[PDB]
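One structure is given here, and the rest of the page talks about it.
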Amino acid sequence: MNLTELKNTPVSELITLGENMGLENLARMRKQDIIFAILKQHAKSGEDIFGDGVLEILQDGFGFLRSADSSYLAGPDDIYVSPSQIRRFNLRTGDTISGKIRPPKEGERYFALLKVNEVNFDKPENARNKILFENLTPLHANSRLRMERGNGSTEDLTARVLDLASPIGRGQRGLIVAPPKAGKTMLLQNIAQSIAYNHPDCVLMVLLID
Amino acid sequence: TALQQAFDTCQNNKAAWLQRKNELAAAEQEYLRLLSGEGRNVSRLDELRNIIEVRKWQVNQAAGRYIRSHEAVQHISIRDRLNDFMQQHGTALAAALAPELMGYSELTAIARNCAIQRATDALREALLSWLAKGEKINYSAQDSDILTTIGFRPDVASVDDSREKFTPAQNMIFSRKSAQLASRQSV
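So the sequences go chain by chain: V and U. The first sequence begins at 1 in my numbering and counts up one residue at a time. The second sequence begins at 1 in my numbering and counts up one residue at a time.
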């Protein structure tokens, strides 16, 4: 089983598993605790359980593994990663880690990681021989990232205005001077839609603060 | 062998223009195939535009220095065979144009620069009188075979690719485009 679809699914899965597995209750507590409880009662049978997420290292090497679905809460669903795994696989912060996870015995509370089969969407040993991002020499913008979808939608006109205003390139650095009540939400929604539609090859991540 | 090596260099850069013309032809054929095809991604079209533009600038400058090399190899042979002939039988036409050269030799610089246009007009009228016949003449046997390969006039492509002229800033930016394209092709 994988925790990705368990985190994606709504409370309907919660109630169905509550009435199937016969849990004493699942209603009045945090969703992370519910996921922990259901995964514990699923793994108590001894079946193999999978895990995926993003790994990070704290000040003492106490490796944590968070999930992008939950916006990286420090909840019980985070996967423990011992410093031995880091020192044996050279996994740094932000690495995409997928592997078999270990049920916690008495003494620890977070789930550990047994094995690994995919690091950064690649073979774990292949990721050992990688070039550092800071060591890479930067360059100018070369590949144009057009805002025009070409489908002639209502906000495709706004996209065309953005095209006529400022070209966008791969590896660029954009700053928007947006006072409040600007409608900037509409423009950023159009930008995200155009990035997803015109160029599905590039991987898109969006970050929002407060 | 200066004429021979000049013609060899002319052949070299002409052939170089030929291969980059073949990469051009490849560029517009793949352009047409991808434009008539399923062009969902626009970035690929973007670099298609970039390479076709830098390639057309490259063939423009190729035609430019090919015309320059053709003119140079024409004039080097012209002056070589001309001075050979003029040293071979110069006395007759020297005596035929004796007053002008005599005034050139032993008078001041102003007369030196004033005899040249008189000689120019005399040569012009002589050539105009001769060329009214319109008889065809052949190249010098020492260089006829070489010049027939290149011809008196260059290729029609070489002259219709040279209509457009770019600003020196545009020349700099397109040379930079050529350098970055070479770097891309290296990778």
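We put the beta carbon where it would ideally sit given N, CA and C, even for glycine.
Which stretch, first to last residue, makes up the alpha helix (DSSP H) that contains V/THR185?
Residues 184-198.
Does DSSP put V/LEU23 in a helix, a strand or coil?
coil
Going by the CB atoms, is the gap between V/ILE97 and V/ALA112 shorter than 8 Å?
V/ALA112 is not a Cβ neighbour of V/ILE97, given a cutoff of 8 Å.
Per-residue DSSP class, three states only, for U/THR1
coil
Which whole-angstrom value is the C-beta distance of U/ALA63 and U/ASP161, which I expect to be below 8 Å?
4 Å
Pair within 8 Å by beta-carbon distance, U/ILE116 and U/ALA6
Cβ distance not < 8 Å, so U/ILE116 and U/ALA6 don't count as in contact.
Between V/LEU175, V/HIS140, V/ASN198, which has its C-alpha nearest V/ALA159's C-alpha?
V/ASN198
Measuring CB atoms only, is the segment 135-143 of chain V touching the segment 107-126 of chain V, in the sense that at least three cross pairs come out at less than 8 Å?
no
Please list, in chain order, all residues of the same chain as U/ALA94 whose beta carbon is under 7 Å from its beta carbon, the five residues on each side excluded.
Cβ neighbours of U/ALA94 within its own chain (closer than 7 Å, five residues either side excluded): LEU101.
Using the rule of at least 16 other Cβ atoms within 10 Å of the residue's Cβ for burial, across every protein chain shown, is V/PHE36 buried or exposed?
The C-beta of V/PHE36 has 16 or more other C-beta atoms within 10 Å across all chains shown, which makes the residue buried.
Assuming contact is defined by CB atoms lying nearer than 8 Å, are V/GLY169 and V/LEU188 in contact in what I supplied?
no
Cross-chain neighbours of U/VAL159 in chain V, by beta carbon under 8 Å
Per Cβ cutoff of 8 Å: no residues; U/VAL159 is ~34 Å from chain V at best.
Using a Cβ-Cβ cut-off of 8 Å, state whether V/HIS199 counts as contacting chain U.
Chain U, which has a Cβ nearer than 8 Å to the Cβ of V/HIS199, makes this yes.
Residue closest to U/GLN185, alpha-carbon to alpha-carbon, out of U/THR91, U/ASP80, U/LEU97, U/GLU47:
U/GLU47
According to DSSP, is V/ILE168 part of a helix, a strand, or is it coil?
coil
First and last residue of the uninterrupted alpha helix (DSSP H) at V/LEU114
From DSSP, V/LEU114 is part of no alpha helix (DSSP H); its letter is neither H nor E.
For V/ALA192 versus V/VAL206, is the C-beta distance shorter than 8 Å?
Taking C-beta atoms as the reference points, V/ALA192 and V/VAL206 count as a pair closer than 8 Å.
Apply the 10 Å Cβ neighbour rule to V/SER12 and answer buried if 16 or more other Cβ atoms are within range, or exposed otherwise.
exposed
Let's test the definition: count the other Cβ atoms within 10 Å of the Cβ of V/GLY53 and tell me whether it reaches 16, buried, or not, exposed.
buried
Buried or exposed for U/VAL73, please, with buried defined as at least 16 other CB atoms from any protein chain shown within 10 angstroms of its CB.
buried
Report the three-state DSSP secondary structure of V/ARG102 (helix, strand or coil).
strand
Proximal chain V residues relative to U/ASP46, where beta-carbon distance stays under 8 Å:
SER143, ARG144, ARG146
For U/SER43, would you say it is in contact with chain V, using Cβ-to-Cβ distances shorter than 8 Å as the test?
Answer yes: the Cβ-Cβ gap between U/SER43 and chain V drops below 8 Å somewhere.
Is there contact here, the segment 37-47 of chain V with the segment 5-21 of chain V, by at least three beta-carbon pairs under 8 Å?
yes
Can you tell me where the beta strand (DSSP E) holding V/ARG66 begins and where it ends?
63-66
Cβ of V/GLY51 within 8 Å of Cβ of V/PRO83?
no
Let's see if you can read the secondary structure: which residues bound the beta strand (DSSP E) around V/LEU55?
Start and end: 50-56.
Quick one: residues in its chain with C-beta nearer than 6 Å to the C-beta of V/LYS184, no 5 flanking neighbours on either side, listed in chain order?
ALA178
At a cut-off of 7 Å, is U/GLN74 close to the ligand ZN when judged by its beta-carbon and the heavy atoms of the ligand?
With respect to the ligand ZN, the structure shown offers nothing to examine, as it has no ligands at all.
Alpha helix (DSSP H) runs wholly inside the segment 114-170 of chain U, at least 4 long, in chain order:
Whole alpha helix (DSSP H) segments, 4+ residues: 144-150, 156-160.
From the DSSP output, in three-state form, read off U/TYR104 for me.
helix
Would you mind reading off the limits of the alpha helix (DSSP H) that contains U/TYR66?
43-88
Span of the beta strand (DSSP E), counted from its first residue to its last, around V/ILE79
Per DSSP, V/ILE79 belongs to the beta strand (DSSP E) from 79-81.
Reduced DSSP secondary structure (H/G/I, E/B, other) of V/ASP95
strand
Could you tell me which of U/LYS56, U/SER129, U/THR1 sits nearest to U/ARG81, measuring between CA atoms?
Distance from the Cα of U/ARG81 is smallest, within the candidate group U/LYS56, U/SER129, U/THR1, for U/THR1.
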